[PDB]
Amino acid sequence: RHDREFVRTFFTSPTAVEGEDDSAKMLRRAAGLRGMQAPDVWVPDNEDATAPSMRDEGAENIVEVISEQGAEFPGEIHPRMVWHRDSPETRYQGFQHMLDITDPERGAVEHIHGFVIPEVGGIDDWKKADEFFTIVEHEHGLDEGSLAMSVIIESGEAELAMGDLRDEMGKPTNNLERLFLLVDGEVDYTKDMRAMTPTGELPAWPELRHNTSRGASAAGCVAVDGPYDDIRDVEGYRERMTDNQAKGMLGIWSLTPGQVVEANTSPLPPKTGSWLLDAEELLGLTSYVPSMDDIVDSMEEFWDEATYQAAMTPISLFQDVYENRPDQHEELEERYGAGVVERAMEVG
């Protein structure tokens, strides 16, 4: 239902960076990318890529930068707004930023293809977002359905919501036809699922990626994988894409122009080859399993709000266990030290 049949690169940029300067710096550069360095989809990101006290400013910079520079940008532009299935405030915030940004007088709207909506819940949460797109279009004389909606799949409820999308989208009481991308968000998803790994590196969640690909094919949307944080790990990123491509998930998130170029290239067939036959640089060979002490520190002396929350599970578990198991209060001191116990018990 959309111009892009396939999207390989989904690239995010903070919208207002705090360090003095031009807070719209990241956006102006990124709006300058061309060729293999430019994403098929570009996401001025007013959500997690951007500190909350910066978000009203980020919304302004989005209009300023796309006003000034959007006509030229060779891919499609879809800013991520804030949203949360569990928070009416965040939802209203996301909507008011969508309404400013699309004010036709400001010159941004005509280079904007749609918005990306994070944290959606079950299908009745998607209908709330859909309802805000509809109202925004009507307030500004945009054609109905002209703003594409894309969602980040980053909770269990959203993963389930993809299963009856075909028949929900057909109901005449929503304009859910506007759906474009179903984008995995492995970071917040790890958190919502309360998963933990010893390195604190993300699980691979193959089933989420299968489900997101399936949902996309049944519903006529386009499936895209989420952020791959270890940016230096070029070969890892390529393994993950090759892996995603085997599931029919052909696009991935990109965090840097390097990742844009790798991701833009990977699903394209090779130049030449190839025959296969059966039988300081140390950092990409090491990993570190933190102790409780270290995990405490990596928030206590204190990576966005997704990386933060998503690392708090072994500690919320420890907390739960200590609150409810007085009989284990001794062995837990025996094991961490009276110091650390009483210390980990404050983080929540």
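The numbering used is simple: start at 1 and walk along the sequence shown.
According to the PDB entry, the deposited sequence contains 10 or more residues between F302 and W303 that lack coordinates. The deposited sequence places 10 or more unmodelled residues between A279 and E280. Higher mean CA B-factor, judged across 84-92 and 232-240 from the recorded values: 232-240. The PDB entry reports B-factors from which the mean C-alpha value can be compared for 284-292 and 27-35; the larger average falls on 284-292. Placement of the Cα temperature factor of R214 within the chain: lowest third of the modelled residues, per the deposited record. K171: CA B factor in the lowest third of modelled residues in this chain (values from the PDB entry).
In the deposited entry, the Cα temperature factor of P79 sits in the bottom third of values across the chain's modelled residues. In the PDB entry, a CA B factor belonging to the middle third of its chain's modelled residues is recorded for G163. Sort the modelled residues of the chain by CA B factor and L268 lands in the highest third.
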